[PDB]
> 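Once you've had a glance at the structure underneath, I'll fire off some questions.
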Amino acid sequence: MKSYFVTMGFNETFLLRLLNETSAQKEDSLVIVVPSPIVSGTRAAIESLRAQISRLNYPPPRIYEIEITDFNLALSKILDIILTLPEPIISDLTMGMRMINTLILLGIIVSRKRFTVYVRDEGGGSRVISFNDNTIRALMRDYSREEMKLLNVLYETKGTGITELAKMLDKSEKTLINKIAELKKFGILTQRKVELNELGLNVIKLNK
Amino acid sequence: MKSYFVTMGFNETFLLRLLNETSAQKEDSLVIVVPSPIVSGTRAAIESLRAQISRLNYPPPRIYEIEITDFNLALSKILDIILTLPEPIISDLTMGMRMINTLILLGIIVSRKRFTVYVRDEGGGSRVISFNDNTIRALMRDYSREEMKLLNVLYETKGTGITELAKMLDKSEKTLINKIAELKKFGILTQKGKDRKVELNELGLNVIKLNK
RNA sequence: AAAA
């Protein structure tokens, strides 16, 4: 099971593409936040979506309409929704008002729940970026000086095997293997040569 | 001095509004990052922004272009720019590609720099909302056991006086008054009502949602 | 939907 958590603009096909591409199930949660009042273009898009859910075996969407007066009051309503959603939360920030998308994104990040976010080229095509809760945790984690010395050696060597890495770092092979396991769980390196990935390069840039 | 860090679409209007709202000075840094190659509509928006800036003692913009291949490669480009920026950073996420704005927002957050974000109604309305690095700090702060007790009692009472709070938490009035002064300044507490009850403010009500 |  899955949740979808989006805000609707005037174009339901962004969401239909998301539901189709991530194999939406009838039993998933589909929650759509809209501003108050719901304007004519948004109502048409939601009603068009509703006219497809039976044919496509999708859940009926649950619409939340929210007044936006300031950041914190609106974030409270978004957080209330988020904290009830089954995980993972699937989000696609390509659709709907930027104010609400900003709330959704900050909300899912500070909630610490599991999520995947997509952001695409609005005008279509192939450009797309994506990230998840593990991406954000890795970038926001506090790294010890010993961890940073490990990562910085990997940055300099562009990859080293465990045996040679242990000798270079003056670490037990047993204790280095445990740290490598702890760090790959954050998704910042790969492996019997250990190597940084792109996310690990960003970690190094933040802790320089 | 402060810095402005935005992207740009086909319209300079929202950025000019932000510069007015946030008291832009000619010595501020204005940095604009755009997708490569710079398309015609964006070039026209930048040229129109420059002409308007020259009237108004605003900071002249420095332009960066980036390729967007994937999240981490593009974030590295954004981080490189961010680390050149004097603090605090001001951004408005209502202009330009959503992909770039998402990277700007995530970049300034994980850079741990001081920043303020504005984002506005883009479809005809007038509402603008705002948050800053202290917003994120307050929501993700590791509150102590004693701090959590205080925050939860305030939530459960919907606000109460210092004297009552000190009894419920088994503390002296003096030490509680000092903690409450600290968290008012930090920005999560207020003393509403005519009876001087202490309560969570709008930000504190979000903090408590993430902390029991 | 680079101003839902």
Side-chain angles (χ1 to χ4, degrees), chain A residues 5-18 32-49 61 63-68 74 78 91-105 118-129, chain B residues 5-19 21 32-49 52 61 63-68 74 78 91-105 117-129:
Chain A
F5 187 40
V6 298
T7 179
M8 183 65 56
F10 309 151
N11 180 1
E12 76 282 0
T13 79
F14 287 120
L15 173 61
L16 287 164
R17 270 193 299 273
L18 175 67
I32 307 178
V33 178
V34 291
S36 193
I38 304 171
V39 303
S40 288
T42 297
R43 163 187 186 194
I46 290 165
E47 291 169 349
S48 161
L49 168 72
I63 307 309
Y64 291 87
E65 103 175 66
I66 69 157
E67 318 168 345
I68 291 141
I78 295 293
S91 151
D92 184 330
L93 309 178
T94 316
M95 66 192 84
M97 293 189 80
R98 289 171 188 231
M99 278 188 303
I100 297 175
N101 278 298
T102 304
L103 291 161
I104 295 181
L105 175 56
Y118 299 92
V119 196
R120 311 164 199 269
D121 197 316
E122 300 90 329
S126 50
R127 272 190 305 202
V128 53
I129 60 173
Chain B
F5 185 37
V6 296
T7 182
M8 183 58 54
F10 285 20
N11 200 318
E12 71 284 2
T13 295
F14 291 162
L15 175 54
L16 285 166
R17 195 170 298 161
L18 174 78
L19 297 167
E21 296 160 339
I32 309 176
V33 62
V34 290
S36 211
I38 309 175
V39 300
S40 211
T42 300
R43 196 170 311 282
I46 287 161
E47 186 37 63
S48 170
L49 171 77
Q52 290 269 38
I63 311 300
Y64 295 84
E65 30 188 301
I66 63 173
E67 292 194 340
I68 300 207
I78 294 296
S91 192
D92 181 316
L93 307 177
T94 324
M95 65 201 74
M97 296 195 86
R98 287 165 186 238
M99 277 185 305
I100 297 194
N101 280 289
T102 300
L103 294 162
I104 291 176
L105 174 59
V117 170
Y118 297 83
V119 47
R120 58 197 75 234
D121 188 324
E122 75 269 65
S126 62
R127 291 284 170 164
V128 182
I129 59 179

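The figures here come from the full heavy-atom set of this structure, side chains too, leaving out hydrogens, waters and symmetry mates. First the proteins, then the strands, lettered A, B, ... as listed; each starts at 1.
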> Side chain to side chain contact (heavy atoms under 4.5 Å, CB included) with B:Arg127: which residues, sequence neighbours excluded?
A:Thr69
> Give one of base, sugar-phosphate or nothing for A:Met95, where a contact means two heavy atoms less than 4.0 Å apart.
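Sugar-phosphate only.
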> Regarding A:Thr7, tell me which of base, sugar-phosphate or nothing describes its non-hydrogen contacts under 4.0 Å with the strands shown.
nothing
> Need one value for A:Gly96: base, sugar-phosphate or nothing, where a base atom within 4.0 Å counts as base even if backbone is also close, heavy atoms only.
sugar-phosphate
> Using side chain to side chain donor-acceptor pair (under 3.5 Å) as the criterion, list what pairs up with B:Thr7, not counting sequence neighbours.
none
> What's the CE-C1' distance between B:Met8 and C:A2, to the nearest Å?
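Computing the B:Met8:CE to C:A2:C1' distance gives 10 Å.
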> Going by heavy atoms closer than 4.0 Å, what residues in residues 42-49 of chain B are next to RNA chain C?
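Result for residues 42-49 of chain B: B:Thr42, sorted by number.
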> Would you mind reading off the distance between B:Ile32 atom CD1 and C:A2 atom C1', rounded to a whole angstrom?
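It works out to 13 Å between those atoms.
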> Going by an N to O cut-off under 4.0 Å, is there a salt bridge joining A:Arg43 and A:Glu47?
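Between A:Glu47 and A:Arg43 there is a salt bridge, with a charged N closer than 4.0 Å to a carboxylate O.
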> Which part of the nucleic acid, if any, lies within contact of B:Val39, taking any heavy atom under 4.0 Å across all strands shown: a base, the sugar-phosphate backbone alone, or nothing?
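Base: the residue B:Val39, judged by heavy atoms under 4.0 Å, touches a nucleobase.
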> With respect to the phosphate group of C:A3, does any side-chain polar atom (N or O) of B:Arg98 fall under 4.0 Å of OP1 or OP2?
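For C:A3, neither OP1 nor OP2 has a side-chain N or O of B:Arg98 closer than 4.0 Å.
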> Measure from CE on A:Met97 to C1' on C:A3 and round the result to the nearest Å.
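Taking atom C1' of C:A3 as the reference, CE of A:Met97 is at 10 Å.
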> Who are the side chain to side chain contact (heavy atoms under 4.5 Å, CB included) partners of B:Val39, not counting sequence neighbours?
B:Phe10, B:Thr42
> Take atom CZ of B:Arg17 and atom P of C:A3, then tell me their distance rounded to the nearest Å.
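Those two atoms, CZ and P, are 13 Å apart.
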> So is the aromatic ring of B:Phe14 stacked onto the base of C:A3, judging by whether the centres are under 5.5 Å apart and the planes are under 30° apart?
yes
> Starting from P on C:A3, measure out to CG on B:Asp92 and report it in whole angstrom.
11 Å
> Please answer whether the main-chain N or O of A:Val6 pairs with a side-chain N or O of A:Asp92 as donor and acceptor at a distance below 3.5 Å.
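No, because the side chain of A:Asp92 does not come within donor-acceptor range (under 3.5 Å) of the backbone of A:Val6.
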> I'd like to check the side chain to side chain contact (heavy atoms under 4.5 Å, CB included) partners of A:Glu67; sequence neighbours left out, ordered by chain and number.
A:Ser36
> Who pairs with A:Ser48 by side chain to side chain contact (heavy atoms under 4.5 Å, CB included), at least two apart in sequence or on another chain?
A:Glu12, A:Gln52
> Could you tell me the separation between the CG atom of A:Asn101 and the P atom of C:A2, rounded to a whole number of Å?
10 Å
> Can you tell me the distance, in whole Å, between the CG atom of B:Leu15 and the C1' atom of C:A2?
14 Å
> To the nearest Å, give me how far apart CD (B:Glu12) and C1' (C:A2) are.
13 Å
